Amino acid sequence: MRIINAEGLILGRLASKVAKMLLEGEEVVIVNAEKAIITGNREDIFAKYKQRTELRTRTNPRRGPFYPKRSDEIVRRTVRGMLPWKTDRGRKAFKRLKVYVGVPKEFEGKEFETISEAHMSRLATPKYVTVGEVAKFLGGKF
Amino acid sequence: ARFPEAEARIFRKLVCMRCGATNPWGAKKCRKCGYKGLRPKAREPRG
Amino acid sequence: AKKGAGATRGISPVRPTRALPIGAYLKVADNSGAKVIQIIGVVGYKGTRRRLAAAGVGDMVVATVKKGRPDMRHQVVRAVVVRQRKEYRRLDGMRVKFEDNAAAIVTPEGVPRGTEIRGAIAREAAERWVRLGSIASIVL
Amino acid sequence: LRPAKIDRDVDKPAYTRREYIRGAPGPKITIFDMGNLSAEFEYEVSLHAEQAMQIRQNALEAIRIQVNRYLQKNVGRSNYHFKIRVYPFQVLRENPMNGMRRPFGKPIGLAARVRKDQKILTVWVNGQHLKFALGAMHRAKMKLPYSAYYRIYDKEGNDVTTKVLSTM
Amino acid sequence: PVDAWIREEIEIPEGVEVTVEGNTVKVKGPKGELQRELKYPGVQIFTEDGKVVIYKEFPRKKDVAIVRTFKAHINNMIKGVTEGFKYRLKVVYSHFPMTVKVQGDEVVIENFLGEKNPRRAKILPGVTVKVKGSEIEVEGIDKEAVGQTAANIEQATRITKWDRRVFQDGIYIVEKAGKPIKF
Amino acid sequence: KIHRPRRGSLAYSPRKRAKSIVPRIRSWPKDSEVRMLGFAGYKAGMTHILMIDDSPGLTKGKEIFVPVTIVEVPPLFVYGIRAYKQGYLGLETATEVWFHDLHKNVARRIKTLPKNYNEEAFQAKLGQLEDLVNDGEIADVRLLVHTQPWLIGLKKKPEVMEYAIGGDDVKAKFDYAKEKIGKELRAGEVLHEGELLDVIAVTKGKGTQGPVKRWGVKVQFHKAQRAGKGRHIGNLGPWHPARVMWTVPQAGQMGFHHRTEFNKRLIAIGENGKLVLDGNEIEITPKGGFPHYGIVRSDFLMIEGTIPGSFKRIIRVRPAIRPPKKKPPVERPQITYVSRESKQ
RNA sequence: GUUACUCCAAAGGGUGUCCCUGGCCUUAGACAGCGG
RNA sequence: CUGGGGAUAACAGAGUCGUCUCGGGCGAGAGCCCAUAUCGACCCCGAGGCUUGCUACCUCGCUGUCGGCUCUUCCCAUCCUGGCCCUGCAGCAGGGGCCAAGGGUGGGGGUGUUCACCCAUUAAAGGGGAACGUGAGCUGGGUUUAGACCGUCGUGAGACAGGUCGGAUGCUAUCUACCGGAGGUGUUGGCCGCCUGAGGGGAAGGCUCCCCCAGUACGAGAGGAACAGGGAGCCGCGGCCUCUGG
RNA sequence: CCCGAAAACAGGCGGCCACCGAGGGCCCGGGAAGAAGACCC
Ligand SMILES: [Zn+2]
């Protein structure tokens with residue numbers, strides 16, 4: 001499997017590249033997911049993700065959009081949105097993915113990778129927020 | 001009951017006659033509505 | 001303090017049970033022109049859908065005069081309950097009850113009308129309104 | 001009365017012949033000239049329309065009264081000449097209900113039709129009342145169904161609005 | 001693009017030592033250190049010949065503003081380690097004389113308008129409060145620290161329920177670092 | 001329109017039979033006193049006393065009426081120590097040590113007990129645990145406990161549970177545990193007289209019930225009573241949304257729910273079935289015994305008020321997790337009378 | 001904003017920012033401070 | 001009565017918005033004087049789709065209905081409850097505006113009523129949507145059959161969007177949905193016991209009165225507050241049977 | 001506070017069997033539980 005360090009990276013571009021990988025048949029691990037950035041303004045982003053959390057099915061909430069509050073799950077969910085989820089192909093591609101907060105010991109002592117196309121260096125604007133900030137706002141653990 | 005020390009810090013304010021909002025002392029237009037009509041906070045009973 | 005030398009109110013520790021709802025006819029125990037009254041409301045009560053207001057001993061009620069002397073009938077008054085037929089617990093656990101349902105007519109601010117209560121009255125009424133015990137020659 | 005968006009637009013034939021229209025109303029505005037009529041003033045100040053409009057006589061009389069009061073108290077009669085250029089000939093129609101059986105409007109009012117870049121009003125004034133002239137024009141512009149713009153013409157009929165604005 | 005290459009210098013005095021280290025300016029002087037963080041894309045900060053230089057190589061309006069802003073902040077830090085900043089407040093009362101006390105990191109005001117509950121205003125690290133009669137001093141070495149302390153003490157005594165033309169008692173700012181306050 | 005609050009609470013849903021008869025404690029309080037944070041027993045009955053009020057509020061200093069629930073608590077046996085570490089999401093078990101000589105009746109619950117397991121191996125495993133706890137990979141320590149019903153004659157099959165210990169540290173906890181394993185705990189060594197407790201248990205069964213009794217729905221008008229719809233509700237909902245919502249009152253299981261109750265004062269802890277008032281020694285068991293429960297033999301607690309469950313049921317108490325700011329004192333209140341008369 | 005059209009808001013306003021034009025000022029101008 | 005019609009109305013839907021509800025620009029003038037505390041004319045510009053109309057796109061045997069009772073949920077253009085700003089705000093209060101939809105918003109009299117009117121209380125007793133929410137949930141007062149009476153109209157048979165008395169209420173749930181209860185397979189060996197807790201639900205609590213502060217600040221007097229502290233109850237929620245009633 | 005290893009990364013620990021037999025069900029006497037099933041002694 002390939003190991004990718006989200007640290008200084010942009011979420012959507014990271015996810016686009018990773019999803020193409022997954023479909024072309026690889027295994028991907030993402031570490032330090034709390035350290036990716038989201039671009040925009042803080043009020044806008046928080047409003048978006050709160051409005052998403054408070055969506056649910058009025059008749060039975062044991063159904064319902066289960067939109068997450070943790071950082072690793074935020075990342076995993078973006079990637080999912082970038083795949084065909086209603087198809088065996090997509091379900092297998094998605095099962096070939098794993099996302100972690102931090103760097104577990106299991107992966108410690110190994111050389112990571114970084115996607116060129118996604119990186120904070122491209123930016124010209126001091127306006128960015130972190131996924132960990134979003135998670136703290138929403139009430140998630142780490 | 002006079003306390004110039006207190007008047008200088010309670011009554012250096014402007015009020016927009018449109019939205020009612022409070023603006024600083026040297027303003028030329030309101031910072032919310034853009035109205036150009038600003039009056040000072042009444043420091044002595046009018047009426 | 002502000003004004004306590006001459007007052008009209010007080011505190012009871014018991015809070016009896018609420019047994020007399022709206023529409024109930026009470027006898028008048030005081031020596032005012034009134035003989036019978038009907039409860040039309042209860043002061044200091046808020047409720048819910050389809051519930052009636054109910055009062056017990058020590059509670060003040062807005063009432064109508066049904067029987068009595070001509071200058072008192074079809075008038076709206078305020079009255080304090082002093083007796084009830086339904087039981088109610090005292091602190092030591094013993095329970096207490098009376099023989100009928102009676103009231104005294106008073107002013108909307110506690111001062112009573114009349115000058116003598118014919119009969120006994122409950123202790124909680126007299127603890128809560130301090131000018132009633134000054135009238136009745138039996139307090140229990 | 002009924003809103004002016006119903007009568008703003010021009011996409012409809014002209015209806016100006018009283019020797020065929022039965023029940024045609026009569027004008028409200030009957031005064032179109034004010035101030036010193038015999039006069040040789042310096043600066044001319046006129047509203048032009050930014051697009052085709054259809055202006056009611058209610059609005060014209062409102063404008064007249066407001067502007068004339070303002071200039072009478074701020075300028076004085078011997079120093080201004082005020083003119084309204086357009087007369088209301090267009091008859092307005094309303095359907096009297098029956099529903100939409102026999103729909104053809106009975107007349108209710110009048111309007112003036114005005115095309116793009118046409119003049120509506122004019123205040124002739126000296127050089128030391130221009131502030132008041134332009135305030136009057138603001139007041140008038142505020143009471144029309146579509147937008148408008150002003151110029152400042154010289155005798156010899158030339159545009160001097162820029163040279164005048166820059167210096168006052 | 002208003003200009004090409006805006007740059008502004010700051011003359012460094014004798015006993016002061018300025019140094020930059022990774023977008024963090026550090027100033028040492030006869031009393032105390034002061035560090036701060038001044039970050040903006042395309043803005044550099046360095047020392048050429050005894051100066052502090054701030055530079056931007058094709059500014060718009062909102063870059064010019066930021067550059068002059070950083071200038072002001074670094075001047076503040078220099079003058080602060082070199083002289084310090086001092087603030088004054090005044091106390092006024094019609095009825096109900098109140099008492100102001102310091103204890104640790106708070107300022108306790110008791111009997112303000114006859115209240116049975118005191119009012120607590122926070123002091124910040126590096127700032128010293130000092131009561132002398134009806135006049136108060138707040139001295140310190142960081143402009144923002146001293147201002148926030150003074151402002152906390154003043155806001156401690158705020159009214160929202162009655163006319164302030166008749167109810168005027170409280171504690172008020174009268175000099176914000178040497179400059180008076182008039183109306 | 002007319003407004004009223006809805007019928008019932010949505011906070012105790014799904015209203016379903018409990019996963020187990022032995023209750024479950026999900027959260028534990030912040031105590032500094034290094035001690036076990038709870039005890040367990042079996043419920044016996046109710047009665048009443050008269051006491052001088054110690055608690056804040058008028059009625060303080062007077063003789064009042066207080067109902068009381070008696071909870072029979074024989075000692076516990078400590079048989080285990082269990083360590084926890086931190087994983088990706090939360091805590092996870094790390095190691096266990098058991099005692100070697102356990103009663104013959106514990107295999108009525110845990111059929112598969114170990115075979116050789118002598119003291120040699122017990123002490124070696126203890127040592128391993130200690131050398132692990134002195135490293136740093138440890139987050140908290142807990143005790144494993146079982147009840148002994150054979151003492152009061154109630155049953156033989158025991159109950160097994162896991163309790164926590166007070167303190168911010170783990171080596172003090174380990175010292176406490178290592179001292180306590182292999183022996184018995186009595187309630188006086190753990191609980192104080194006057195504490196506030198939270199009681200935790202499983203309520204009585206009522207069965208399948210209707211919405212009138214299960215949610216508080218109002219009975220319908222007498223014409224509907226004569227139509228066949230009195231104890232029914234009217235509407236399962238509107239036309240759109242075109243499904244039934246989960247908030248609409250329906251029939252189903254009533255009772256046998258896992259409940260908790262806050263702030264019940266412990267008044268008295270007794271020894272061998274007798275209460276020693278200031279003056280003289282006295283018994284608590286009434287004339288003719290307790291209905292549906294016999295005589296009290298071992299040890300017992302007086303608890304102010306009511307608690308959830310039927311008589312012979314297992315209860316679990318813990319020190320209050322949600323106490324007020326105005327607490328009553330920790331000392332046995334002045335008791336003037338205790339009722340020994342027949343309760344049947 | 002990411003809408004050819006099917007399916008999408010105004011009059012009135014803005015030292016928000018980027019640009020065109022034309023007057024008046026300027027080796028002491030337009031703010032400040034020191035005084036008349 | 002037959003044969004047929006959504007080629008064509010009443011009823012709810014769609015479309016539209018003159019009317020309707022809720023707003024805005026400008027500044028005449030009124031406010032001791034003072035255009036903007038408050039009011040804002042005449043004229044001009046709009047939102048919503050909760051009134052009513054216009055049209056006739058769906059449905060002429062699907063169901064045709066008004067009000068009430070029961071039950072769940074939503075919007076904010078906020079009536080009280082929390083927090084603030086202006087005043088022609090001394091205090092007690094009032095008027096006008098900003099954030100805020102967590103909780104609450106009740107009982108009765110005549111009338112079939114909805115609304116409207118009235119009583120006594122209350123912290124206050126907001127307005128709307130859900131096929132004018134809800135008849136495989138009830139009722140059945142009104143309205144539109146068949147009987148009969150009066151008044152008007154008509155030569156008459158007879159009619160009245162005029163009044164009055166009386167006048168049928170069906171179902172064994174096929175599929176889904178919801179409340180609760182069980183049995184399997186899977187989790188790459190099987191079985192005991194004990195724990196973690198991803199996630200989901202929650203109003204589990206909301207409000208009022210009394211003492212004191214204090215007859216104090218404020219105020220010419222009349223009158224008359226607030227922070228802190230102590231206590232009690234109403235509505236709602238979850239449990240128990242020692243005491244009292246059935 | 002209530003539900004909650006079908007949480008598809010479909011968990012962690014301890015112990016007992018398997019590579020005859022660990023455990024479980026029926027059955028018997030009863031209820032603290034109950035429409036059948038389940039649950040408890
Ligand atoms: Zn404004």
# chains A, B, ... in the order shown; residues from 1 in each chain; ligands from 1
call {"tool": "closest_atom_pairs", "arguments": {"of": "chain H", "to": "chain C", "cutoff": "9 Å", "atoms": "only C-alpha atoms (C1' of nucleotides)", "output": "tab-separated table"}}
result
residue	atom	partner	partner_atom	distance
H:106	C1'	C:48	CA	5.5
H:107	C1'	C:52	CA	6.9
H:120	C1'	C:41	CA	6.7
H:121	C1'	C:41	CA	6.8
H:122	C1'	C:46	CA	7.2
H:208	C1'	C:44	CA	8.8
H:209	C1'	C:44	CA	8.3
H:210	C1'	C:11	CA	8.6
H:212	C1'	C:1	CA	7.6
H:214	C1'	C:2	CA	5.9
H:215	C1'	C:2	CA	5.8
H:232	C1'	C:11	CA	8.4
H:233	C1'	C:15	CA	8.8
H:234	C1'	C:46	CA	6.1
H:235	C1'	C:47	CA	6.2
H:243	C1'	C:93	CA	6.9
H:244	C1'	C:95	CA	7.5
call {"tool": "residues_near_ligand", "arguments": {"ligand": "ligand 1", "cutoff": "6 Å", "atoms": "only C-alpha atoms (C1' of nucleotides) and all ligand atoms", "output": "list in words"}}
result
residues 16, 17, 18, 19, 20, 21, 30, 33 and 35 of chain B
call {"tool": "closest_atom_pairs", "arguments": {"of": "chain A", "to": "chain E", "cutoff": "10 Å", "atoms": "only C-alpha atoms", "output": "tab-separated table"}}
result
residue	atom	partner	partner_atom	distance
A:123	CA	E:41	CA	9.4
A:124	CA	E:41	CA	7.0
A:125	CA	E:41	CA	7.5
A:126	CA	E:40	CA	7.3
call {"tool": "residues_around", "arguments": {"residues": "residue D:123", "least_positions_apart": "4", "cutoff": "8 Å", "atoms": "only C-alpha atoms (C1' of nucleotides)", "output": "PyMOL selection string"}}
result
chain D and resi 44-46+80-83+133
call {"tool": "closest_residue", "arguments": {"among": "F:251, F:118, F:72, F:169", "to": "residue F:232", "atoms": "only C-alpha atoms"}}
result
F:251
call {"tool": "select_by_dssp", "arguments": {"residues": "stretch 15-156 of chain E", "states": "strand (DSSP E)", "output": "NGL selection string"}}
result
:E and (17-20 or 24-28 or 33-37 or 44-46 or 51-55 or 85-92 or 99-102 or 106-110 or 119-122 or 127-132 or 135-140)
call {"tool": "select_by_dssp", "arguments": {"residues": "chain D", "states": "alpha helix (DSSP H)", "output": "JSON, numbers by chain"}}
result
{"D": [57, 58, 59, 60, 61, 62, 63, 64, 65, 66, 67, 68, 69, 70, 71, 72, 73, 74, 130, 131, 132, 133, 134, 135, 136, 137, 138, 139, 140, 141, 161, 162, 163, 164, 165]}
call {"tool": "write_last_selection", "arguments": {"atoms": "N, CA, C and O atoms", "output": "compact mmCIF listing (two decimals), in the first residue's frame"}}
result
# COMPACT_ATOMS: atom_id res chain seq x y z
N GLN D 57 -50.56 61.73 -14.77
CA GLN D 57 -50.75 63.12 -14.39
C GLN D 57 -50.77 63.30 -12.88
O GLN D 57 -50.44 64.38 -12.39
N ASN D 58 -51.15 62.26 -12.13
CA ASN D 58 -50.93 62.27 -10.69
C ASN D 58 -49.48 62.58 -10.36
O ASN D 58 -49.18 63.47 -9.55
N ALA D 59 -48.57 61.83 -10.97
CA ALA D 59 -47.15 62.03 -10.76
C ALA D 59 -46.70 63.41 -11.22
O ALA D 59 -45.89 64.06 -10.55
N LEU D 60 -47.20 63.86 -12.37
CA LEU D 60 -46.80 65.18 -12.86
C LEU D 60 -47.21 66.28 -11.90
O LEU D 60 -46.45 67.22 -11.66
N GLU D 61 -48.41 66.19 -11.34
CA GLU D 61 -48.88 67.23 -10.43
C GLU D 61 -48.14 67.17 -9.10
O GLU D 61 -47.83 68.22 -8.51
N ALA D 62 -47.86 65.97 -8.62
CA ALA D 62 -46.99 65.82 -7.46
C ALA D 62 -45.65 66.53 -7.66
O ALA D 62 -45.20 67.30 -6.81
N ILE D 63 -45.00 66.25 -8.79
CA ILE D 63 -43.73 66.89 -9.11
C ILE D 63 -43.88 68.40 -9.13
O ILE D 63 -43.08 69.13 -8.54
N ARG D 64 -44.88 68.89 -9.86
CA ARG D 64 -45.12 70.32 -9.95
C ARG D 64 -45.17 70.95 -8.57
O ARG D 64 -44.43 71.89 -8.26
N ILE D 65 -46.08 70.46 -7.73
CA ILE D 65 -46.30 71.07 -6.43
C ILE D 65 -45.01 71.06 -5.60
O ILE D 65 -44.59 72.10 -5.07
N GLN D 66 -44.38 69.90 -5.49
CA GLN D 66 -43.17 69.80 -4.68
C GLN D 66 -42.10 70.77 -5.15
O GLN D 66 -41.58 71.58 -4.37
N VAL D 67 -41.73 70.68 -6.42
CA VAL D 67 -40.64 71.47 -6.96
C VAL D 67 -40.94 72.96 -6.82
O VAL D 67 -40.06 73.75 -6.45
N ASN D 68 -42.17 73.37 -7.11
CA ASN D 68 -42.49 74.78 -7.09
C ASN D 68 -42.45 75.33 -5.67
O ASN D 68 -41.94 76.44 -5.45
N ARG D 69 -42.97 74.59 -4.70
CA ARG D 69 -42.87 75.00 -3.30
C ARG D 69 -41.41 75.16 -2.88
O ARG D 69 -41.01 76.19 -2.30
N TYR D 70 -40.60 74.15 -3.17
CA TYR D 70 -39.18 74.19 -2.82
C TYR D 70 -38.50 75.42 -3.39
O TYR D 70 -37.80 76.15 -2.67
N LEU D 71 -38.69 75.68 -4.67
CA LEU D 71 -38.00 76.81 -5.30
C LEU D 71 -38.58 78.15 -4.90
O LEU D 71 -37.86 79.14 -4.90
N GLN D 72 -39.86 78.20 -4.55
CA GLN D 72 -40.44 79.45 -4.06
C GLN D 72 -39.85 79.83 -2.71
O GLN D 72 -39.65 81.02 -2.43
N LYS D 73 -39.56 78.84 -1.87
CA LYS D 73 -38.97 79.18 -0.58
C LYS D 73 -37.46 79.28 -0.60
O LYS D 73 -36.89 79.87 0.32
N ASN D 74 -36.78 78.74 -1.61
CA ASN D 74 -35.33 78.75 -1.62
C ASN D 74 -34.71 79.65 -2.69
O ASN D 74 -33.50 79.90 -2.63
N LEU D 130 -27.86 77.22 -8.74
CA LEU D 130 -27.73 75.90 -9.35
C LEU D 130 -27.91 74.78 -8.33
O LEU D 130 -28.47 73.73 -8.65
N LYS D 131 -27.40 74.98 -7.12
CA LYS D 131 -27.60 73.99 -6.07
C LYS D 131 -29.08 73.70 -5.88
O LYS D 131 -29.49 72.54 -5.78
N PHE D 132 -29.90 74.74 -5.86
CA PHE D 132 -31.33 74.57 -5.69
C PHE D 132 -31.96 73.91 -6.91
O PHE D 132 -32.84 73.06 -6.77
N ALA D 133 -31.53 74.30 -8.11
CA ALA D 133 -32.03 73.65 -9.31
C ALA D 133 -31.80 72.14 -9.26
O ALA D 133 -32.71 71.34 -9.54
N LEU D 134 -30.59 71.73 -8.88
CA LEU D 134 -30.28 70.30 -8.85
C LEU D 134 -30.99 69.58 -7.72
O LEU D 134 -31.35 68.40 -7.86
N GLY D 135 -31.20 70.23 -6.58
CA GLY D 135 -32.03 69.64 -5.55
C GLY D 135 -33.45 69.40 -6.03
O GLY D 135 -34.05 68.35 -5.76
N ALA D 136 -34.01 70.38 -6.73
CA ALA D 136 -35.32 70.21 -7.35
C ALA D 136 -35.33 69.00 -8.27
O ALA D 136 -36.28 68.20 -8.26
N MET D 137 -34.29 68.85 -9.08
CA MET D 137 -34.23 67.74 -10.02
C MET D 137 -34.15 66.40 -9.30
O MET D 137 -34.73 65.41 -9.76
N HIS D 138 -33.41 66.34 -8.20
CA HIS D 138 -33.41 65.13 -7.37
C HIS D 138 -34.82 64.79 -6.90
O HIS D 138 -35.29 63.65 -7.05
N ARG D 139 -35.50 65.78 -6.33
CA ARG D 139 -36.86 65.56 -5.84
C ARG D 139 -37.77 65.03 -6.94
O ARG D 139 -38.61 64.17 -6.70
N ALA D 140 -37.62 65.55 -8.16
CA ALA D 140 -38.47 65.11 -9.26
C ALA D 140 -38.11 63.71 -9.71
O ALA D 140 -38.97 62.84 -9.81
N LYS D 141 -36.83 63.48 -10.00
CA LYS D 141 -36.34 62.16 -10.35
C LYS D 141 -36.83 61.09 -9.39
O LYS D 141 -36.98 59.93 -9.78
N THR D 161 -22.56 70.72 -18.61
CA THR D 161 -22.82 70.13 -17.30
C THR D 161 -21.52 69.79 -16.58
O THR D 161 -21.41 69.98 -15.36
N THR D 162 -20.49 69.36 -17.31
CA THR D 162 -19.24 68.98 -16.67
C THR D 162 -18.49 70.21 -16.18
O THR D 162 -18.05 70.27 -15.02
N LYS D 163 -18.30 71.19 -17.07
CA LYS D 163 -17.60 72.40 -16.69
C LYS D 163 -18.29 73.11 -15.54
O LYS D 163 -17.63 73.82 -14.76
N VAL D 164 -19.60 72.93 -15.40
CA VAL D 164 -20.32 73.61 -14.33
C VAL D 164 -20.22 72.81 -13.04
O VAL D 164 -19.97 73.38 -11.97
N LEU D 165 -20.41 71.50 -13.11
CA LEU D 165 -20.32 70.67 -11.91
C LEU D 165 -18.94 70.79 -11.28
O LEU D 165 -18.82 71.02 -10.07
call {"tool": "closest_atom_pairs", "arguments": {"of": "chain G", "to": "chain E", "cutoff": "12 Å", "atoms": "only C-alpha atoms (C1' of nucleotides)", "output": "Markdown table"}}
result
| residue | atom | partner | partner_atom | distance |
| --- | --- | --- | --- | --- |
| G:15 | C1' | E:61 | CA | 11.7 |
| G:16 | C1' | E:62 | CA | 11.0 |
| G:17 | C1' | E:61 | CA | 8.5 |
| G:18 | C1' | E:1 | CA | 9.1 |
| G:19 | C1' | E:1 | CA | 11.2 |
call {"tool": "write_last_selection", "arguments": {"atoms": "C-alpha atoms (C1' of nucleotides)", "output": "PDB file, in the first residue's frame"}}
result
ATOM      1  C1'   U G  15     -13.074  56.352   0.815  1.00  0.00           C
ATOM      2  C1'   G G  16     -15.266  47.824  -0.757  1.00  0.00           C
ATOM      3  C1'   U G  17     -11.558  47.394  -4.722  1.00  0.00           C
ATOM      4  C1'   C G  18      -9.586  47.945 -10.145  1.00  0.00           C
ATOM      5  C1'   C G  19      -9.610  51.644 -14.032  1.00  0.00           C
TER       6        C G  19
END
call {"tool": "residues_around", "arguments": {"residues": "residue C:83", "least_positions_apart": "2", "cutoff": "7 Å", "atoms": "only C-alpha atoms (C1' of nucleotides)", "output": "PyMOL selection string"}}
result
chain C and resi 57+81+98+100-102+121-122
call {"tool": "closest_atom_pairs", "arguments": {"of": "chain H", "to": "chain B", "cutoff": "7 Å", "atoms": "only C-alpha atoms (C1' of nucleotides)", "output": "tab-separated table"}}
result
residue	atom	partner	partner_atom	distance
H:36	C1'	B:17	CA	6.0
H:86	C1'	B:20	CA	6.3
H:88	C1'	B:47	CA	4.3
call {"tool": "write_last_selection", "arguments": {"atoms": "C-alpha atoms (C1' of nucleotides)", "output": "PDB file, in the first residue's frame"}}
result
ATOM      1  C1'   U H  36     -35.969  61.802  11.086  1.00  0.00           C
ATOM      2  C1'   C H  86     -32.276  54.923  20.842  1.00  0.00           C
ATOM      3  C1'   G H  88     -39.569  64.179  23.832  1.00  0.00           C
TER       4        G H  88
END
call {"tool": "closest_atom_pairs", "arguments": {"of": "chain D", "to": "chain G", "cutoff": "9 Å", "atoms": "only C-alpha atoms (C1' of nucleotides)", "output": "tab-separated table"}}
result
residue	atom	partner	partner_atom	distance
D:145	CA	G:11	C1'	8.8
D:146	CA	G:11	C1'	8.4
D:147	CA	G:11	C1'	8.8
D:162	CA	G:22	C1'	8.2
D:163	CA	G:23	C1'	8.0
D:166	CA	G:23	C1'	6.5
D:167	CA	G:23	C1'	7.7
call {"tool": "interface_residues", "arguments": {"of": "chain I", "to": "chain A", "cutoff": "12 Å", "atoms": "only C-alpha atoms (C1' of nucleotides)", "output": "list in words"}}
result
residues 3, 4, 8 and 9 of chain I
call {"tool": "closest_residue", "arguments": {"among": "D:36, D:158, D:98, D:54", "to": "residue D:4", "atoms": "only C-alpha atoms"}}
result
D:54
call {"tool": "interface_residues", "arguments": {"of": "chain H", "to": "chain E", "cutoff": "8 Å", "atoms": "only C-alpha atoms (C1' of nucleotides)", "output": "VMD selection string"}}
result
chain H and resid 89 to 90 213 217 227 to 228
call {"tool": "residues_around", "arguments": {"residues": "residue E:175", "least_positions_apart": "5", "cutoff": "6 Å", "atoms": "only C-alpha atoms (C1' of nucleotides)", "output": "PyMOL selection string"}}
result
chain E and resi 87-88+180
call {"tool": "write_last_selection", "arguments": {"atoms": "N, CA, C and O atoms", "output": "compact mmCIF listing (two decimals), in the first residue's frame"}}
result
# COMPACT_ATOMS: atom_id res chain seq x y z
N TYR E 87 -0.92 54.32 32.11
CA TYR E 87 -2.31 54.71 31.93
C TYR E 87 -2.89 55.18 33.25
O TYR E 87 -2.52 54.68 34.32
N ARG E 88 -3.84 56.11 33.17
CA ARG E 88 -4.51 56.67 34.33
C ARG E 88 -6.02 56.48 34.23
O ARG E 88 -6.60 56.56 33.14
N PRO E 180 -4.51 63.01 26.35
CA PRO E 180 -5.74 63.20 27.12
C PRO E 180 -6.98 62.68 26.43
O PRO E 180 -6.91 62.11 25.33
call {"tool": "atom_distance", "arguments": {"atom1": "atom CA of residue C:120", "atom2": "atom CA of residue C:78"}}
result
20.0 Å
call {"tool": "interface_residues", "arguments": {"of": "chain A", "to": "chain H", "cutoff": "10 Å", "atoms": "only C-alpha atoms (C1' of nucleotides)", "output": "JSON list (two decimals) with N, CA, C and O atoms, in the first residue's frame"}}
result
[["chain", "number", "residue", "atom", "x", "y", "z"],
["A", 58, "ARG", "N", -37.11, 12.41, 9.28],
["A", 58, "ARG", "CA", -38.06, 12.84, 10.30],
["A", 58, "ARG", "C", -38.84, 11.67, 10.88],
["A", 58, "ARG", "O", -39.27, 11.73, 12.04],
["A", 59, "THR", "N", -39.02, 10.60, 10.11],
["A", 59, "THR", "CA", -39.81, 9.48, 10.57],
["A", 59, "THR", "C", -38.99, 8.48, 11.38],
["A", 59, "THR", "O", -39.50, 7.91, 12.35],
["A", 60, "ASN", "N", -37.76, 8.25, 11.00],
["A", 60, "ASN", "CA", -36.89, 7.32, 11.70],
["A", 60, "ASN", "C", -35.45, 7.76, 11.54],
["A", 60, "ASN", "O", -34.93, 7.81, 10.42],
["A", 61, "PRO", "N", -34.76, 8.10, 12.63],
["A", 61, "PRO", "CA", -33.35, 8.48, 12.52],
["A", 61, "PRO", "C", -32.37, 7.33, 12.50],
["A", 61, "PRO", "O", -31.17, 7.57, 12.39],
["A", 62, "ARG", "N", -32.84, 6.09, 12.60],
["A", 62, "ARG", "CA", -31.98, 4.93, 12.42],
["A", 62, "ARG", "C", -31.70, 4.68, 10.95],
["A", 62, "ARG", "O", -30.86, 3.84, 10.61],
["A", 63, "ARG", "N", -32.40, 5.38, 10.09],
["A", 63, "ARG", "CA", -32.00, 5.65, 8.73],
["A", 63, "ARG", "C", -31.20, 6.95, 8.78],
["A", 63, "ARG", "O", -30.63, 7.32, 9.81],
["A", 66, "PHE", "N", -25.99, 10.07, 7.73],
["A", 66, "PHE", "CA", -25.07, 9.96, 8.85],
["A", 66, "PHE", "C", -23.78, 10.69, 8.51],
["A", 66, "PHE", "O", -22.73, 10.10, 8.28],
["A", 68, "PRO", "N", -20.55, 12.90, 9.28],
["A", 68, "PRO", "CA", -19.74, 12.66, 10.48],
["A", 68, "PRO", "C", -19.22, 13.93, 11.13],
["A", 68, "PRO", "O", -19.35, 15.05, 10.63]]
call {"tool": "interface_residues", "arguments": {"of": "chain E", "to": "chain B", "cutoff": "8 Å", "atoms": "only C-alpha atoms", "output": "PyMOL selection string"}}
result
chain E and resi 90+92+94+164-170+172-174+181-183
